[PDB]
Structure formats: C-alpha cells, structure tokens
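Down below is the structure, laid out as structure tokens.
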Amino acid sequence: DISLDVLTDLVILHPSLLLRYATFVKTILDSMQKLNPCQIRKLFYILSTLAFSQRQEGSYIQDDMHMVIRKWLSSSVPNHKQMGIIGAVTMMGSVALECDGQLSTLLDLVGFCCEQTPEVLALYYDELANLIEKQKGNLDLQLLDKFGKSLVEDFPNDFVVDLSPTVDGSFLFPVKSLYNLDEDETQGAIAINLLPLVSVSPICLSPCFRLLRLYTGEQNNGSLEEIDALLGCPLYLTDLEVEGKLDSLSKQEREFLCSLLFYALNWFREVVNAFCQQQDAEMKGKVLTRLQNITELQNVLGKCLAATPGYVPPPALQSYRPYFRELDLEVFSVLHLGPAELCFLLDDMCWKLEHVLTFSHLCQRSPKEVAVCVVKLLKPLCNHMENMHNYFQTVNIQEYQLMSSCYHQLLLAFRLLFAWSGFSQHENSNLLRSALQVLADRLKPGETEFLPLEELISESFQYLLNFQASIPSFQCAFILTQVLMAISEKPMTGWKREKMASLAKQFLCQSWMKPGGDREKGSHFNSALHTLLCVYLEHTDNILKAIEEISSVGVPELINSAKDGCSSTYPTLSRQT
Amino acid sequence: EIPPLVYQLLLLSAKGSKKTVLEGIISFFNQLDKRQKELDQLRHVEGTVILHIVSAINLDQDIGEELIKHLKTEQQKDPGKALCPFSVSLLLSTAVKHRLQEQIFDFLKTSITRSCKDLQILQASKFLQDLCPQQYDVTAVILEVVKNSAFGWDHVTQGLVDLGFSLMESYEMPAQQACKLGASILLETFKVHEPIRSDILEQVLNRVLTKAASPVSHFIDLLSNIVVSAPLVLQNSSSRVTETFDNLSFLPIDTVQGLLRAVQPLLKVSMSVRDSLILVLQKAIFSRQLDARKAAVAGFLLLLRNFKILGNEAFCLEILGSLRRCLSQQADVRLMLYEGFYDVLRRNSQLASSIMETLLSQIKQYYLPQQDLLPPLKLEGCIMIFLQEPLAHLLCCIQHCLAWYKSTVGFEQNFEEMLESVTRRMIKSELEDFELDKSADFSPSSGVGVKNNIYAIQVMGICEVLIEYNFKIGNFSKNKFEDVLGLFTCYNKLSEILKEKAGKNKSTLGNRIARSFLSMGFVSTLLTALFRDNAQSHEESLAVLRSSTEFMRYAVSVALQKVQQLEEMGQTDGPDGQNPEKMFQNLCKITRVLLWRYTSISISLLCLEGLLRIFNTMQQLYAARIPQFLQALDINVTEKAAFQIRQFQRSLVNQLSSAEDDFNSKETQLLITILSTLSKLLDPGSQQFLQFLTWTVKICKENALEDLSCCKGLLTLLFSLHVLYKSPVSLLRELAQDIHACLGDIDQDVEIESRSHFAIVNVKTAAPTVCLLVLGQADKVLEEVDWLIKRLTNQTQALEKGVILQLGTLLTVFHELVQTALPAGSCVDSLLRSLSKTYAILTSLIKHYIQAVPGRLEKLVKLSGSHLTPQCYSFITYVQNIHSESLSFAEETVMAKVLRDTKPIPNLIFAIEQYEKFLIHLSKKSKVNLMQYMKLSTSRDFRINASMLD
DNA sequence: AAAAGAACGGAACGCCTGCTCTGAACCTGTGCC
C-alpha cells in the first residue's frame, strides 16, 4: 500500500520518469494475480488513464489493458474480473477531474461480456455509484450521461412498477401497498412492483436509487424533479400482519417473503439516501415517515428472521448487518421523535464511530472529515440528550429500556469520539477547540469567544458531569466516567482527580438493577467494573488507604451478611463479581 | 519430449497446485541423475528445463515463495536431506533473479553452518555416530554441483559465483570450514566455467582490494590459487596490473608478500607491471614515515628474487642501490633487510659481490679496528632512547652471506679478518672492558639503565653469531672450540646474575633466554656433534664442550625457543626458516638426539619439552608430511607410535613406583601430556587403542598420583580415549563411590566401607581435583545429548533407549555425589550449575514427546524422584550449614560473598519446577498419573533471631 | 460444552567483572651455616 501511495506522487511529479519503467511495472502488476481490491483501484487508477493523460506515447499501456480486459471481461475467471471494470471507473474518474471514445469502447466491451451475467449490471452500477460519490464531481455532464443514462431505458421499462390496484399473478402472496402514498390521487402511477420484480433482477435494483440520486445531483440541485411522483411510493408486498403466520409459511412462502422484506428495507435505505438532503414540499416530513416505516419494517423482520433458520441474502438484528445498505451520515440533514428511530440511527452511527475512530463508504473519508461530519449537527444531539435526561427526571419497561439503551449508545458515541488517540497529534488542535466550543457555550449562557483551553476543559468537565446524577444502568456510568476522562487531560489534575475519586466512589456505592429487578451482573458488566475500579484506585488520594478501607469494610460485610446479594457499602460488589 | 511436457506441467501447476509437483519433479531429476551417474544429451535437457522453470519463476516471483517454506520444513524434518543438486541449482538460479535472494542466502548459510557443526560433532564423538548414522554433508553435494552444472547451463555459473561471493564474506572452526568450502568452490568453478573466467577474475580483483582494515588472507589465497591455475587469466584481465597498486602500502600483514608471490609470474611476463611497480617504488621507499615503509622494502626484497638472475643485467645494476639508499633508516625497518638479503644472494654472482661490499661498509661503520684495546663494537652508536642499528641480525646476515659466498666459489679477506679479530678481541676482553662492569650499573626505567640494557641485549646477541661462525670454520679444531667455549663464558656471564637486566617476574621469555640468533641447520648439527658425535676424528673439543654443563643447557634451549617460534607462528628466524620442506628435514634430524639424550639416563627435562613441542607442531603443520617423519622416526603409523609410548610407559611407572623423595613432579606432568599429545593419532579401531586403555585404567586404579596436576593430567588423558570409543558413566559412577567413601554422607548418620575401587582418588584428593573434571564430562555428556534430542525433535526407538540409559545411569551418579559432603569451593557451585542444566535436558525430550506413554520413561522418572529430588533438597539444607561455617572466615562488605555463595540455589528450584510444570502438562495430556512416585515440592522459610542480635 | 480470540504468555542473542586460578620473591626457621 505504501509503495502504491508513493508511486502516486512519483507519477504526479514526473509522469514520463515513471512511465519509463511503467512498461515493466504494469507488466508485473497485470501478471501478479494477487492484488487487494484497494490495490487494484490504486494501480488501475493510473494504469488505465496514463494514455489519456500522457497522450504523446502512452497508448501502449492503454492498448495492453484494453486487450487484457477484453480477454477477461468475458473470461472464465470472475475472481478479480471486476478489477477491469474497476479500472474503467478509474479511467472515467481521471477523465472526471476526446477521451470519450476509450470509455465508450470499454463500456461496449463490458456490455457485450455481461449480456446475461446477473452480477454484471449490479457491480457495474455499484462502481458508477462509487465514482460519482467519491471523485465524480468534476465529470462533464455529457460524459456522465454517456456513462450512465441507461436509467431511462432500464428503470421505467421493467423496474418502475404501476400504481394500478390490478396487481395479480402467480405470486406466493397477494400484493398489498404497505405504507401507501401520502398524496392519494395526486400521482397514482407512483408505485414499485416488487413481487413482479422477484416473482428483472431483484438483487440488481437495490444499488440503483443511489445512481439516480447521483444523476440528479449533477443534472440539477435536488432529486425532486425526477422523483416527484416516486418519493412517496408504497411497496408491492404481502400484508404486514401476514408475517405473523410465520409457522404457516413453512418455506411455502417463507423464503420468498423473507427475500421480499430483505429487498424492501434496503430499498427504504436507498430512498432515504436519495431523497433526504433536499428541502421541498413535505420532503423532510416524508423522510421522517420513511424512517418510521423502516424502523417498523425491521422490527417486523426480526420475527421472521428468527423464524428463518438460515439465509444467504444478496448484499446487492446485527448478524444481517453485512447484508445491509451501510447508509452514511449524509442522510442526517433532518437530525434536528421516535425513540426507537433514535436508537436505530445512532446504532448505525456507533459502529462507524467505533471503526473509523478506534464498508467502502465510511472508509472513503479521513478522520479529519469524521470530525466535521460529527460536529455538523451536535446541537440536536445535545437536545435529544437533555430530552432523555428530562424523561429520566420524570421517571413502561418496553420504553424505559429503549431510553436506557439510547442513553448508553449516545455515551458510547461521545466516549469513542473524545477518547480518540488522534487528539494526541496537534495537527488540528484548532478543530478540537472549535468542536469543544459548542459544548462550552451549551454549559454557560454561550458566547465562548475564543475561550481559553483550560476554561474549555473545566466547562466541558462540569457540563458532562451534570449527567452524573441520574444514570439508568451501570454500563452508562462506566461510559460516562470514561468520556469524562476522554475530554479532560490524560493525567488528571488534582481537582479533577478528586472529582474522579468522588464520582467513582459514588458509583461504587450506587446500586444497579434492571427494571424488572434482576441485578445487571453479566459479562460486559465485569469489564466495565474492572475499568471503573482501575481508574478509581488510580485517581484516589490515599491509594493504600482506599484499598485498605475497601478490603476491611466491604468484603467482610459481604462474607458475613450477604447470602446471594451484594455488599451493603458497595452494592456494585457481588459474590460472582 | 520431456522439456515440453514438464513445461506444460509447470503451466498446469501455475493454473493448479505447486505444493507437491515441484518436489515430484525434483525427485524425478534426482533419480535420473543417480541412474546416469554410473549423459550429455540428458544434461542439455536438464539445462533446458531449468532455464524454462527459472524464467517462469522470474516472471512470477511470488509463486516460488512457497519453495522457501517447503525447503525449510524439509530441512527441519530431514536432517540435511532434500539439498540435492537440483534443489540447490533452483535456489541459486532464482537468486540471480534478484528477488528475495538475501533470505535464501541466509537460509543457505544457516544450513551449511549447521552441517559443518554437525560434521565436527560426529567426527569428535563416535557415540553419536553409532546412534545417528544419518551423516549428511552439504559440502559434498555443493562441490559435486560444480561438475553437475559444468555442461553449459543458463545461470548455474552465475548462481555458483554469487554463492561463493556470499560464502567468502560469511566465513569472515565453522568459519575456517566455510572459508575452505568457498575457496574450493571458487577454484572448481574457475577450473570448470571457462566463459566466466575473466568476469570472475575482475570481480575477485575488485573484492581483493575490498577489505583494507579487515583481514583478506583468504582473498589472497584464492587469488593465488586461481592465478597459478590460469597464469594468463590476468593477462587477459589487463589494465589491472597497474591498477592493483592503488593502496598496497597501507596494511602489510604478509598480504603484500602473498600478493607479490601470487602475481610474480605476471611481473616476469609483464614488463609494464614491472615498470609501474618500479615507479611506485620511489614513492614507497622515500616515505619519510615508518608506519608502512616496511612493506615497501619487504616487497622490493622479494622482487629481487622474483626477477631471474640469468647472465638485462643493467636492471639489477640500477636496482642494487635503491634499498641501500634507505639503509640509514629506523632500526625496526633496518631489521628486515638483514633477514631477507640471504634469500636473494643465492640468485646472482655480481649482486652477491655488491651486497657483500655494502654490508662490509656498514659493518666497518661500527667496527673500530684496533689491537689489544677496548671492545671494537661501538655499542654506544645505537644507544640513542631508542635504537636505530641492530647488530645481532646484521652479524648473522654477515656470516650467512659469507658462508654462501664461500660455498658458491679483498672484501672476503677483510670479512674473515674482521670476524677473526672481533672473536679474538671478545675473548681478549671482559665485562670490565665493556661499558658494563659492575652488577649495580644499569636499572630499568633509567636513562643510563636502559642504555646499558640495550648494550647488554646487543652484546650477548653478538656472542651467539660468533659461536655459529667459528663452528663452521673450526672443523674439529680445538683452538676454535676453545674460542667457542670461552666465548660462551662471556655470554652466560651477562646472564644468570644480570640476565637481561634481572627480570623479577618468574617468567621464562623464549624458553629460557631472549630470541636466539642461530641457524636451524647449525643448532641441528651442533647437537649431533654435542650428542651422538662420538668418533676418533674429534680432537676432544666435543669433550671439553661437554664439560661445560651450562653449554649443554644453552645448547638445546635455543632450539626449544626456535621450535616454539615454529609452534605458534608458521615461520621462524634464520636461513630457510620459512621453507617448510627444508625445515621438515631439520625437524627430522633434531628429534633423534633429543629423544636419545633422555634415554641416556635438570638437562633431560629440557628434552621433554623439546619432544612435546615437536609432535604438536608437525601434527598441526605437516599434516601431509607425517609419513615422511614416521619413516625418518626410525603405513604402520599406529605400530611405531605405540612403540614410542611403550618406551615412555616404562619411565613413568618406574618414576611413579619410586618413593616421593625422588619424584620430580614436573617431569611426571610432562610424561602424561606427551601421552595425550601422542594419543591423538592412534588407529581409530586399532588394538593398541584398547591395549593402551587397558594399561592406563590399571595404573589409575592401582597407583595414586598424589600430585595435583599428575592426577588431573592422567585423568584428562583417559577420557580423551574414553570418549570416541564408549561412554564413561560407569567410571564416573565408580569414582563417585570412592569420594562418597572418602568422606561422610550428608545424612551424618550413615557409614560406608572402604570401597576403594580407584586408587587415583583418595582422602587428600577430595578437592575439585577430581569432582570438577568429572562434572566437566557431565557437562559434555549432556552437551552432546541436547544435539540428538534437538534432532529427535524408524530407529527413533533406539534413539530414545540409548538416551534414557546414559541419562538414567548419570542420574544415579548425581545421586551419589549429592549425598556426600562436597568441598565448599566452586565444586558446590558447579554441581548446582550442571544440576540446573540436567533438569532442562529432561524437559525437551518430554517436551518433544508431547507432540507425539512408555513405561521406560516412567521408570526413569520414578528413579528421578526417588534418588535425586529429596536428596537434592536435603543437600540444599546441607549447604546452609556449610556456608554458615565457611562464612565465619571473614578475616576472623560480605554482601558480595553471600549473594554469590547462594546464587545457584534459587535457579535450582526454578529448573525443578519448569520441568515439573511441563511434566504436569504431560500427565494430563498423557492420561497417566506420574506424581505418585514423586513428592510434593518442599520449600523453606526463615526466622530472624531477635535475642541473638543482643 | 470445553470449542475460538487476541490480548495474554512467552522466547533469543548481547554484556563486560568482582571471579578465582594464578603469581612471587619473601621471610622465616631451623638444621645446618
């Protein structure tokens, strides 16, 4: 990877100097069958466009690459065969900073080699989506049209369903317009015939709505003009309550309905991707309704997913997470209220936070962009946070557990945000100060006005300490005290160390139990308490005095009085723990 | 037919799998070569297929990455196997591809180092050969590879030359073996690979001048070998004869001499090289400094003999005065010309006259002629602090040149008159005549003292030279002998009392005296006249010479220094010293009188040293010339060698049986060492080998060598024979009984009978005198055990049976010592050092078998628990009493002593439990309860006596 | 149930000391000097 990365700079500085040995380099790259897909993109990025860039004498490499792909686009080795279309995407991206002839020839070869390949239009459209998403900004309108205007021939011909209620056929279940269009009689034809599309590739349709979003992002500012009658489409599927007869399925329709649902929620993710940022007549409202719909649909799915013993769904709970539309944070234009929807949204963002700050779309941006993305709408985050705080001040188990989990997941978010080891590097200390400025202004009346670093530290410390009073679960206490470490300095000062000792001892003296009794003693609980004890004993004043007091008052009371419960002075301590 | 088929198979492997097809085609080539050994078309087919496969591997380097892992796994499994000519050829071919060749070269270096180490281990111990006959030699296959790939191969020559270039630097014992292997393969490929001869010569010339600071002796050796093999190779490598003198005069360690000797034919057939070296000579000789001017004069002196003396003579007439122009130089620099002028004097006649005239002028510069007056030698000339005119070497050169000039056939009349006068002047003089009159005249670190010290060093050096000259002149002439004997009286007059200066160091530099000045031929002839020179032709001059007892002592003492010079260094002073074949004849003649004089029945103690050093020289220098010496000793090598031992056994037993009043332990120690040094080359399977063993164990078990080194020396001998023939654990067990009988047991409540199985050990020998040597064998015995265990990690059943026998018997041994009261010296320490070692070896065999139950292993463990562990821990309790009693001797900061005196104790425990922890691991995995025999690991506490502190 | 994972468990070559064997004229004792 480092060799290719430096080769980028070497070819940028002196393209002729690199292409001097570029013949041998490209011969070795093509000969080497072992190449990671990222390395495939990196090599092909210049391997396919050197001739178009260096038009003087680069035609040999382009001819070799075109010949090898023509011999391998229809070749019997699908493993790495998509590397050819990947290089095609690289070529258009380079042209997307005449050349249309080579792109047209490559597209014609790909279409000839993928006349009946199922995973041909799928991966080709995925590549185009990645193109415009990542480096398609400078692409000419004519070039983008010639590359991807086949939507007008594909989508309305056999993938744009009809809104007539006359849907009938040899389907496993009848067609019911679940989540019907909000605007009844305004546009009847706006519907998608999912069952006719499955029983015209159901796998291929899911990575398409992204592509029309990408087309309308360049041919216009928003997607309203193209999908005005299609943004509110319902889904042609069986009755939602039909999933209740999971036993009645018996694979007679269970697999087919499972595939139905699996394409359905991914389609919901696709539409929330394509028609979110723009503001139009009820666009954001309809986005919120779609969010509620996908939450309810996933909740309904859970039942049959448990009922279905095994599955191999096509990627185009948490176990099915890989086979899902990994929707990025660009959909968050309406972040500023379904608590389940909040739990699901921040669950989507939590995994990305845990990975990038510790699968192509989230990896496409550096953590510098992650910081700006997360700070774009920190205001609704704190607003919902204080809403949950107010609810807990007010304090149904089915809702209480939901708020508790959302609380825990939000603290997970801030802790994995501010415990980032990248803050050790001072390359963006100004960005850190700007990010902390909103929190500092939230604590105080506002108007930080280039607040001092120590002042910001103290303000954020106290503001996040405000939450230390009411806590639903011990895991939340763990993550609260750890994010409180994360914002503050690595080595705490005396005042902060005293505060740490006090809060940690209070949490140790707190009693924790699930809403239905059932003390929260588990497995993650063990590691959480381990970290709590470590940080508390480290940040105590008299470490020997503290351990002596613990081992001399807490343990004896447990061994003498407790039979199957905790200790009186330390309810966190348990016989199992 | 086969080449295209295997090319298609390789393409299939590229499409399919390569784990087994590669090895299959190696095996096919292997049996093809085996059946064709007892084939030029087949060899051409082999070249074609290796070319195809190497091109394919170069195209896809990562395909061949699995070869490294496959061969490493095979080498781990096969002990030296799978390194066939095909495999190594494939390895070297891809090395030329330049991809990952460093790691392949490192693996090859590790393999060959392991191979030569294993070869040395097997050679130095037959006990491993019997149980490990799988002696695989990488050297044999790699040297056969030269002939195998000598049929016009694509890249075999390049691979071999790269391999040798890596090998020579890897050599830098195992290093010597690696250097020898690299030199041999380079010589073989030079004699075989014709079209790479010029490239090889250019590359080695570039490398030859590549290590100025580091030694390059192997480089010059290989260059000389290739040049003598192909004299005209460097002629075709022209424009380098001039170039080779870039920095030749920087680091002469004999490298310059070797380079000159190797390239000498080129100079004598290349006039341009001669002219260029002549041009460099002016710069070299005129260098005002003396740091490196020695190399220049040495090279010029060698060149003087390099050019023939047939008879342009104008060349010599010009070059005569070049070195004489630098005669007025430093004394150390002036030294070498005196030693080297004799060699060139035997190559010309007019040059001899000129050199004699120049030396006559030089000696007349110091002669100071007169009659009946002060000593002629103006010793004060070279006094100043340092010296700049050595005299003994000059006089020796004078006499040697005079002898050669007389033999070949007025300066010569002046020479003899000057020599005669100075000899007459010396006897007609005394210390009073010289500047050194009184004993309390000169002292070390004194300006007058060091001046007199230098004068004393010069004058007795002069006396030696005049002794040599008069002997040649005085052919059975009593008057010359009278001068000779009287001259020596002056020599030792300086010595004995004021020897050198005094030298209070109880050391004997140069056997007994400083570096002598006598030609090896003369001292060889002097002793023959001095001993065995009985005849009526002599005029009693030998008899009066024999009357001088100190002359007897000095007569051989010089030769003893001379042989020691040849013992350490490969050359020696005096004419023909560096000629081995000339020296070998001298070595043959000298030994007879030295041995006979001892058998005549102090002075004889000198001859014991003289013999003991003469064997140690030829066995280590004249390896190929031993049969000539054995013929001159008077292929029955063992017969006569054993005969000499018989003549020596009689003397030892007579001396050993005699009373302690007439003991002379110095001779007895020599009597034992000569046995050991003469027991190195007996017949490996000879009956005398067994016969000598039968005698010595009888003497050792019967006699009592109460002397320290006599017991140690004899015990060292018996093991050197009892290593390559059998295992000594029975003897060590037997000896352990005697020391146990010698003292009281640790339990302090049990007695033992006399059980004096060996009389060598007794009560007074309970010291580390014996219990350190046997533990050294215990170290060696376990040291070689690890080697096979590592290899052990069809016949493996025999492999395990033998180890458990030696270890089991040795386990009983340690039990015997561990119950005794060992002496509190380092023997206590060393016993705990090997006891820690022993437990570790117990592990790796068990640790190996984990990856594989036998009751034989259990019985060893049962014996290990019963006879070793509780005694060892009780022995630890014994050490507490011993150290406490021993620590009382603290002159009536003991922190240092206390820590050391108990350092092995903690690590003894740890080595017990690390074996135990894995033995726990084995028991569960082995489904057998092994802990019933053993005992819980005991431990100790302490307590501070508060009352005792008052 | 007693399976993984990776964080927990663990290994190799390099270093000059504080070491003990070796060293040294001595100075003592006593039959000889």
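So the protein sequences, as listed, match chains A and B.
All letters in the first sequence, in the order written, are residues 493 to 589, 607 to 708, 727 to 843, 917 to 936, 959 to 980, 1000 to 1036, 1049 to 1230 by the entry's author numbering.
All letters in the second sequence, in the order written, are residues 209 to 246, 263 to 396, 415 to 553, 582 to 654, 660 to 684, 700 to 891, 905 to 937, 948 to 1106, 1121 to 1179, 1187 to 1226, 1241 to 1298 by the entry's author numbering.
Using N, Cα and C, we set each Cβ at its ideal position, and we do this for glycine too.
Of all the options the options, which has the alpha carbon lying nearest to the alpha carbon of residue i?
i, options, result
"B:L283", "B:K879, B:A222 and B:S719", "B:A222"
"B:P357", "B:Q1122, B:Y1212 and B:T1165", "B:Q1122"
"B:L291", "B:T272, B:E246, B:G304 and B:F331", "B:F331"
"B:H1269", "B:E1219, B:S1218, B:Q1178 and B:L423", "B:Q1178"
"B:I210", "B:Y680, B:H276 and B:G224", "B:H276"
"B:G271", "B:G376, B:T1211 and B:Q353", "B:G376"
"B:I660", "B:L590, B:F542 and B:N742", "B:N742"
"B:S373", "B:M392, B:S313 and B:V446", "B:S313"
"B:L1256", "B:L1221, B:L523, B:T1286 and B:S1218", "B:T1286"
"B:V738", "B:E706, B:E702, B:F766 and B:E650", "B:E650"
Which residues bound the beta strand (DSSP E) around residue i?
i, result
"A:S686", "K685 to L687"
"B:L532", "Run containing B:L532: none; DSSP gives neither H nor E here."
Quick one: grab the DSSP three-state call for residue i.
i, result
"B:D1058", "strand"
"A:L757", "coil"
"A:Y763", "strand"
"A:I538", "helix"
"B:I717", "helix"
"A:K1167", "strand"
"B:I803", "coil"
"A:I701", "strand"
"B:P1254", "helix"
"B:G793", "coil"
"B:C1024", "helix"
"A:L751", "coil"
On the DSSP letters alone, give me the boundaries of the alpha helix (DSSP H) that residue i sits inside.
i, result
"B:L885", "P870 to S890"
"B:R1190", "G1189 to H1201"
"B:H1142", "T1123 to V1145"
"A:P627", "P627 to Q644"
"A:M810", "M810 to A834"
"B:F732", "Unbroken run through B:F732: none, as it is neither H nor E."
Whole-angstrom Cβ separation of residue i and residue j, contact assumed at under 8 Å?
i, j, result
"B:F841", "B:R887", "Contact flag wrong, Cβ pair sits at about 14 Å."
"B:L832", "B:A819", "6 Å"
"B:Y1166", "B:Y1263", "5 Å"
"A:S708", "A:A801", "That belief does not hold up - the Cβ atoms of A:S708 and A:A801 are roughly 26 Å apart, past 8 Å."
**OP:** Say whether the stretch 672 to 684 of chain A touches the stretch 633 to 641 of chain A, bearing in mind that this needs 3 or more beta-carbon pairs closer than 8 Å, one atom from each stretch.
**Re:** Contact fails: fewer than three Cβ-Cβ distances are below 8 Å.
Original post:
Does the count of Cβ pairs from the stretch 534 to 544 of chain B and the stretch 488 to 501 of chain B closer than 8 Å reach three?
Top reply: yes
Original post:
Are three or more beta carbon pairs between the stretch 1017 to 1029 of chain A and the stretch 1052 to 1067 of chain A nearer than 8 Å?
Top reply: yes
Subject >> Sufficient close CB pairs (3 or more, under 8 Å) joining the stretch 636 to 654 of chain A to the stretch 575 to 586 of chain A >> reply: Touching, yes, given that three or more Cβ pairs across the two stretches are closer than 8 Å.
Original post:
Quick check: the stretch 512 to 520 of chain A against the stretch 558 to 573 of chain A, are there 3 or more CB pairs under 8 Å?
Top reply: no
Original post:
Does the stretch 824 to 839 of chain A come close enough to the stretch 1000 to 1007 of chain A to have 3 or more Cβ pairs within less than 8 Å?
Top reply: no
**OP:** Mind the definition here: the stretch 361 to 379 of chain B touches the stretch 313 to 321 of chain B only if three or more C-beta pairs lie below 8 Å; say whether that holds.
**Re:** Enough Cβ pairs lie closer than 8 Å, so yes.
Original post:
Is the stretch 800 to 819 of chain A touching the stretch 764 to 771 of chain A in the sense that three or more CB pairs, one from each, lie closer than 8 Å?
Top reply: no
Original post:
Okay, do the stretch 463 to 483 of chain B and the stretch 429 to 449 of chain B touch, 3+ Cβ pairs below 8 Å being the bar?
Top reply: yes
Original post:
Taking contact to mean at least 3 C-beta pairs separated by less than 8 Å, is the stretch 747 to 758 of chain B in contact with the stretch 773 to 780 of chain B?
Top reply: yes
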